[PDB]
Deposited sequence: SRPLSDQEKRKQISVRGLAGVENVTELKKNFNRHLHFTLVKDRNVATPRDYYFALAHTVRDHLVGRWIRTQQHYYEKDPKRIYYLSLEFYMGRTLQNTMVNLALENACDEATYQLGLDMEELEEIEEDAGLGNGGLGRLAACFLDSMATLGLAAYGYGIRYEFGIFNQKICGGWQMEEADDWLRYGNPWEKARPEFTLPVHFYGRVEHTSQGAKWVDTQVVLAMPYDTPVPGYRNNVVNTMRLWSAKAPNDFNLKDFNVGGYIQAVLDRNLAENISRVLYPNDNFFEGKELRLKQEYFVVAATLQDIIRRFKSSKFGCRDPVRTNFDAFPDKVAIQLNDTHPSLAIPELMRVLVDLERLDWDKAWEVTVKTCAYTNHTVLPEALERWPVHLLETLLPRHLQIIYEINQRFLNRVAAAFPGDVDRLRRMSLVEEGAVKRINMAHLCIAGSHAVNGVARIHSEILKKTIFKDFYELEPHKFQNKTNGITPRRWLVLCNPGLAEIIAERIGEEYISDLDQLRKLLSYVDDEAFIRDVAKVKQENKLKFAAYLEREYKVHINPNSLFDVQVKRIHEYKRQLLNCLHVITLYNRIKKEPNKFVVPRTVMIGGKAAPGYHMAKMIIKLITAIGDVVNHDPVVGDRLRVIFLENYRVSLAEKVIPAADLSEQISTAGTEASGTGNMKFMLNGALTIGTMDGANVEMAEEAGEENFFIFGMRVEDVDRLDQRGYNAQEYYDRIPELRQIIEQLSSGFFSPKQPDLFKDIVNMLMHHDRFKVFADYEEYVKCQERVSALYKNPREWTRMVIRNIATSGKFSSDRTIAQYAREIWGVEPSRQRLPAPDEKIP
């Protein structure tokens, strides 16, 4: 059908069709008379998987021969989404499979909707890991993703009476055709026990053993025949575990205790909960991974070359135990001296920070580490002592620097600061956008920066143009390719060439056409799967991301209510119609975030059924926001809401997805928004609100929300409506907590940005009245979105952190 989806050769189509029938018969044990769409999905999945195998075995054998430096990306989260379409795209099989399935009398797009998302992540940090694996394969790096195979990923969100209900994400129920169990590579992990000191070193003894079983998932590069590996550990009890009939039975049933380690992903987005189970997960992935790393290195005695052959990237502090675990192995097991072991560790490890919010930082109580990991605590104390000696020597007599920089936090409960541990034990520390990285140097890690300025770097985040353009928006990818060819898909800087098409009337028409088709298709999806009705001619105003106070979904709510009140005041006046879509999950125990969801639905209940409003304003809450839903709503959007309080969103990546797919951005000068506006030109961006400096000034003075309430009549009206029960007639005080929070304890200064936000929103509406000028500004965004490709991000990591050269050269097919 379309060019970028590859060739549908006579011979390829014939082969696909016969392997499809072979798998349906031999693999699924079905015949065409009983087969359901799910059976058809699986036969296709298995048929496409067959094409990976040859390339996967030869990629891995190639690494064994050439022995390049290996990159180990350690993460507790990999937010993968669906795999079928992505595999077809990267293998150039999409059109062939489309043809082959059509000839079998099947609709491939219908089959693609049957795949479960691999939802092994919460949000941004998890999806970054997924984009990174794609880019590393595409750039020909010898890279491995290492994490946990959660039986249950992020929960499915259902909305019931406006409230969020959580249900288990049983994603493995029908099986996962993409993974390959490797039980033969199972490894032991130790917990608890005690430390014994001998003539020749410390020994960790009397431990409980949990087995770690790896599952390998292929990661194909873009049309380069490279297939890398994502290895995910699963927890298994040993067979002498807990080993009378009641006693015998119970001992077998208690195997569950060990296997609970890999059962479920913690659903917290930017908040730290000090739970033992979570600590076990963190050690589990670290201990199993490091043994695999060492095994692979030994199959290349001399650990001097270890950092020449190994890089370990820590995705936040979650796998921070890699540092003392590497020390433990090198000192206790390999018998290296401390200082040499430490040199190796530092040169091997690097740390990426993803947030500045204090409540998100990992601070493990000492008594937890004492019981679960007694040897690691000793190594940590030893690391701390040697580190503080260096601080003392560099800043003599600065006793307060010593307590500020300590890995050990004293107080009610003693805690270990894992961020401090990572900085001390890594040769490189980076933030995820230029503004975020500067904030790390000037505020939270200022002391560490003064000690070791050379450690601190920036690596602005990116998103893969494969999943986030070609896969989810084939229409846009095609019209771009018509003008500038296909090479941009792996070299996104080439989109700049679209600047010379900004006054091209054909191109303007095509861009606007692709968007309207995306909007029609999404409007249909809402009717079919959710029986909700929207005007596809209205402006699609969307904010999708995790529900958090810092992200200020509440500021969006205030604008929405303002528009509604303005309409009710002047019903027969013209306003640009909007569909306001807000989606995202709240962490199960975050009361305020759950209250915000209820507020959103409550506004919709009033707004969507007011006859005077008509189809001029619609408020929709997008249920169960996840990777596969993002792939649908992002191409359909006109306006991207990126309205976090300046200084709080480290980078953001949703912002980039929208820019690449033809939405204009309303946002604050926060995270990557700053660099996006810089690339496109500020005139092509809807920037409003306090900058970081303005937030600082307001804090020095003290934030008084009352002041804004007193001086803004429109804001007063909204608050009074909330208090009085306008949006909750049967529970008049339902939103008292929200009002109280806004008036008295607002950490994120919602009121302070309200006026500029509403003002700027009027400028958006004005521009949308002029279709040709809207579209020309759109073209200016798409054309400057090149910097935000994860290929760029990964090449910077490779060159400035890992010390390896990316390559676009094909491996033989």
What ranges of the deposited sequence, counted from 1, have no C-alpha atoms in this structure? 1-11, 255-257, 315-323, 837-842
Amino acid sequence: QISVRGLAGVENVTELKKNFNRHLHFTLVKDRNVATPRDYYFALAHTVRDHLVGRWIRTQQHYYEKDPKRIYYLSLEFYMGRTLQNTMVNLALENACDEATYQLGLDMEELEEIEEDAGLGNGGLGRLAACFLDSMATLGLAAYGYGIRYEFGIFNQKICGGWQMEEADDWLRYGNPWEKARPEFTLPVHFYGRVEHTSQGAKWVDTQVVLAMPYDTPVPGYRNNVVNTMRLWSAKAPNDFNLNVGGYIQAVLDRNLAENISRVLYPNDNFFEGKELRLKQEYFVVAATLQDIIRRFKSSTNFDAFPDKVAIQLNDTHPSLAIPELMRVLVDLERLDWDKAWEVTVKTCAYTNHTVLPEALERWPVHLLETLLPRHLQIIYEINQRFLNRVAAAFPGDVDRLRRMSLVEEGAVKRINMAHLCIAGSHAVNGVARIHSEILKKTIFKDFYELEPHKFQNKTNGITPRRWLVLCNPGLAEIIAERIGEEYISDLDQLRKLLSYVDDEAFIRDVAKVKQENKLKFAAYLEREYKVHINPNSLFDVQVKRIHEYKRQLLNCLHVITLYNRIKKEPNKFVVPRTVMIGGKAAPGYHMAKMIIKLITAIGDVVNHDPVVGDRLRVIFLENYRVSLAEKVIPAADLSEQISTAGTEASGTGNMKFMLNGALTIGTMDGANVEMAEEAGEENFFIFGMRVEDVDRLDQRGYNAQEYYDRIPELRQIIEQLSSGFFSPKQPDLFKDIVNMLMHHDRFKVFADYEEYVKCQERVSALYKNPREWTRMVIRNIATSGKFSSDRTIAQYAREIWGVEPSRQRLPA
From here on, numbers count along this sequence of modelled residues.
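What we label the rigid core is the largest C-alpha set whose atoms superpose within 1.5 Å from one form to the other.
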With the rigid core as the fit reference, the stretch showing the greater C-alpha departure in 7 other deposited structures of this protein, 801-809 or 6-14, is 6-14
For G662, record whether it is unmodelled in at least a third of the other compared entries of this protein. no
Within the set of other compared PDB entries, does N244 lack a model in a third or more? yes
Can you let me know which of the two, 129-137 or 614-622, has the higher average C-alpha B-factor in the entry? 614-622
If you average the CA temperature factors over each stretch, which comes out higher, 306-314 or 696-704? 696-704
Per the coordinate record, which of the options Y192, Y79, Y146, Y709 holds the highest CA temperature factor? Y709
The residue of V285, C557, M230, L734 with the maximal C-alpha B-factor according to the PDB record is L734
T207 - Cα temperature factor, lowest/middle/highest third of chain: middle
Using the temperature factors of the C-alpha atoms in this entry, rank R70 within its chain: lowest, middle or highest third. middle
Which third of the chain does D332 land in by C-alpha B-factor: lowest, middle or highest? middle
Entry-reported C-alpha B-factor of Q543 relative to its chain, by third, is lowest
Ordered by C-alpha B-factor within the chain, which third holds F658? Give me lowest, middle or highest, please. lowest
